[PDB]
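Data from model27.pdb: PDB, C-alpha atoms
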```
ATOM      1  CA  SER A   1     280.775  99.741 239.997  1.00  0.00           C
ATOM      2  CA  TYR A   2     279.543  97.807 243.032  1.00  0.00           C
ATOM      3  CA  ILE A   3     276.237  96.444 241.657  1.00  0.00           C
ATOM      4  CA  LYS A   4     274.917  95.165 238.355  1.00  0.00           C
ATOM      5  CA  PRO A   5     271.152  94.954 237.838  1.00  0.00           C
ATOM      6  CA  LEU A   6     269.742  91.818 236.322  1.00  0.00           C
ATOM      7  CA  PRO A   7     266.471  91.617 234.359  1.00  0.00           C
ATOM      8  CA  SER A   8     265.056  89.101 236.864  1.00  0.00           C
ATOM      9  CA  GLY A   9     265.151  91.950 239.410  1.00  0.00           C
ATOM     10  CA  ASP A  10     268.150  90.457 241.177  1.00  0.00           C
ATOM     11  CA  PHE A  11     271.566  92.061 241.368  1.00  0.00           C
ATOM     12  CA  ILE A  12     275.179  91.016 241.041  1.00  0.00           C
ATOM     13  CA  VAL A  13     276.937  92.598 244.072  1.00  0.00           C
ATOM     14  CA  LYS A  14     280.713  92.826 244.542  1.00  0.00           C
ATOM     15  CA  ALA A  15     281.924  91.411 247.885  1.00  0.00           C
ATOM     16  CA  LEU A  16     284.061  94.579 248.400  1.00  0.00           C
ATOM     17  CA  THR A  17     280.866  96.777 248.464  1.00  0.00           C
ATOM     18  CA  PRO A  18     280.843  98.771 251.679  1.00  0.00           C
ATOM     19  CA  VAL A  19     277.943  97.872 253.895  1.00  0.00           C
ATOM     20  CA  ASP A  20     276.991 101.674 254.035  1.00  0.00           C
ATOM     21  CA  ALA A  21     276.809 101.656 250.202  1.00  0.00           C
ATOM     22  CA  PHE A  22     274.814  98.428 250.160  1.00  0.00           C
ATOM     23  CA  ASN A  23     272.173  99.761 252.642  1.00  0.00           C
ATOM     24  CA  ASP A  24     271.866 102.879 250.449  1.00  0.00           C
ATOM     25  CA  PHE A  25     271.221 100.867 247.325  1.00  0.00           C
ATOM     26  CA  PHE A  26     268.904  98.298 248.804  1.00  0.00           C
ATOM     27  CA  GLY A  27     267.133  99.867 251.773  1.00  0.00           C
ATOM     28  CA  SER A  28     268.610  97.355 254.216  1.00  0.00           C
ATOM     29  CA  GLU A  29     269.864  98.129 257.708  1.00  0.00           C
ATOM     30  CA  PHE A  30     272.953  95.900 258.074  1.00  0.00           C
ATOM     31  CA  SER A  31     275.378  97.178 260.697  1.00  0.00           C
ATOM     32  CA  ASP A  32     278.142  99.422 259.243  1.00  0.00           C
ATOM     33  CA  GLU A  33     279.684  99.338 262.756  1.00  0.00           C
ATOM     34  CA  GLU A  34     279.842  95.494 262.907  1.00  0.00           C
ATOM     35  CA  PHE A  35     280.667  94.944 259.217  1.00  0.00           C
ATOM     36  CA  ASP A  36     282.889  96.662 256.672  1.00  0.00           C
ATOM     37  CA  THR A  37     281.920  94.923 253.440  1.00  0.00           C
ATOM     38  CA  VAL A  38     279.218  92.668 252.015  1.00  0.00           C
ATOM     39  CA  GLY A  39     281.735  89.801 251.785  1.00  0.00           C
ATOM     40  CA  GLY A  40     282.436  90.201 255.519  1.00  0.00           C
ATOM     41  CA  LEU A  41     278.679  90.174 256.211  1.00  0.00           C
ATOM     42  CA  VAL A  42     278.270  86.992 254.134  1.00  0.00           C
ATOM     43  CA  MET A  43     281.456  85.211 255.384  1.00  0.00           C
ATOM     44  CA  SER A  44     280.373  85.781 258.942  1.00  0.00           C
ATOM     45  CA  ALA A  45     276.921  84.309 258.219  1.00  0.00           C
ATOM     46  CA  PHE A  46     278.501  81.205 256.622  1.00  0.00           C
ATOM     47  CA  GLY A  47     281.340  81.014 259.218  1.00  0.00           C
ATOM     48  CA  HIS A  48     283.553  79.506 256.474  1.00  0.00           C
ATOM     49  CA  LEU A  49     284.801  80.426 252.980  1.00  0.00           C
ATOM     50  CA  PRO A  50     281.888  79.442 250.770  1.00  0.00           C
ATOM     51  CA  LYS A  51     282.010  77.909 247.334  1.00  0.00           C
ATOM     52  CA  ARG A  52     279.979  78.923 244.376  1.00  0.00           C
ATOM     53  CA  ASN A  53     276.216  78.331 244.781  1.00  0.00           C
ATOM     54  CA  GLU A  54     276.219  78.389 248.587  1.00  0.00           C
ATOM     55  CA  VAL A  55     273.303  80.552 249.746  1.00  0.00           C
ATOM     56  CA  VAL A  56     272.526  82.528 252.938  1.00  0.00           C
ATOM     57  CA  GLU A  57     269.449  84.577 253.821  1.00  0.00           C
ATOM     58  CA  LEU A  58     270.040  87.728 255.756  1.00  0.00           C
ATOM     59  CA  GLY A  59     267.509  90.482 256.409  1.00  0.00           C
ATOM     60  CA  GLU A  60     265.098  90.657 253.508  1.00  0.00           C
ATOM     61  CA  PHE A  61     267.584  89.218 251.029  1.00  0.00           C
ATOM     62  CA  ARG A  62     268.978  86.005 249.722  1.00  0.00           C
ATOM     63  CA  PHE A  63     272.731  85.989 248.945  1.00  0.00           C
ATOM     64  CA  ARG A  64     273.992  83.295 246.545  1.00  0.00           C
ATOM     65  CA  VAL A  65     277.739  82.947 245.951  1.00  0.00           C
ATOM     66  CA  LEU A  66     278.499  83.387 242.219  1.00  0.00           C
ATOM     67  CA  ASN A  67     282.272  83.648 242.516  1.00  0.00           C
ATOM     68  CA  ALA A  68     284.791  82.972 245.234  1.00  0.00           C
ATOM     69  CA  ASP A  69     288.429  81.986 245.123  1.00  0.00           C
ATOM     70  CA  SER A  70     290.704  80.234 247.709  1.00  0.00           C
ATOM     71  CA  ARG A  71     290.801  83.325 249.998  1.00  0.00           C
ATOM     72  CA  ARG A  72     287.634  85.389 249.525  1.00  0.00           C
ATOM     73  CA  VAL A  73     284.132  85.864 248.086  1.00  0.00           C
ATOM     74  CA  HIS A  74     284.072  87.990 244.989  1.00  0.00           C
ATOM     75  CA  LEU A  75     280.506  88.176 243.619  1.00  0.00           C
ATOM     76  CA  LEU A  76     277.083  87.534 245.170  1.00  0.00           C
ATOM     77  CA  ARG A  77     273.715  87.318 243.500  1.00  0.00           C
ATOM     78  CA  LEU A  78     271.212  89.256 245.611  1.00  0.00           C
ATOM     79  CA  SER A  79     267.504  88.257 245.432  1.00  0.00           C
ATOM     80  CA  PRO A  80     264.717  89.887 247.537  1.00  0.00           C
ATOM     81  CA  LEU A  81     262.919  87.469 249.916  1.00  0.00           C
TER      82      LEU A  81
END
```
Conversion result in structure tokens:
Amino acid sequence: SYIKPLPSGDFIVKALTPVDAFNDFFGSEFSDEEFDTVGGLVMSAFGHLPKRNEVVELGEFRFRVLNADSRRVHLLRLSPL
């Protein structure tokens, strides 16, 4: 549902993924008090609505925008650092 494994070892992650769920999958420690969803985590780090192929590094991961529309991020590619 939330994640799709890729054979590179990266993941496609839905922006609506709860941060609690994300930390459980990936071993990260992002704040579930400060953030509700991965897209919120990413949009805060950008400080704007990103376009496809914008990238941010947070924690031990790289987040690359695969899909966003005019309102929100939809899909991120997650790579380990």
Starting from the PyMOL selection byres ((chain A and resi 41) around 12), expand the selection into actual residues of this file and give them as a PyMOL selection string.
chain A and resi 15-20+22+29-40+42-49+56-59+63+73+76
Would you mind reading off the distance between atom CA of residue 78 of chain A and atom CA of residue 50 of chain A, one decimal, in Å?
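Calculated distance between atom CA of residue 78 of chain A and atom CA of residue 50 of chain A is 15.4 Å.
Computed from the coordinates, the atom CA of residue 25 of chain A to atom CA of residue 71 of chain A distance equals 26.4 Å.
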Among listed residues A:7, A:2, A:21, A:14, nearest residue 77 of chain A (using only C-alpha atoms):
A:14
Using all atoms listed in the file, which of the listed residues (A:12, A:6, A:80, A:67) sits closest to residue 54 of chain A?
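Closest candidate: A:67.
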Please, what distance in Å, to one decimal, runs between atom CA of residue 10 of chain A and atom CA of residue 53 of chain A?
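Between these atoms lies a distance of 15.0 Å.
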When distances are computed from only C-alpha atoms, which of A:11, A:75, A:65, A:81 shows the smallest separation from residue 51 of chain A?
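For residue 51 of chain A, the nearest of the given residues is A:65.
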Here is a test: counting all atoms listed in the file, which residue of A:72, A:55, A:8, A:3 is nearest to residue 26 of chain A?
A:3
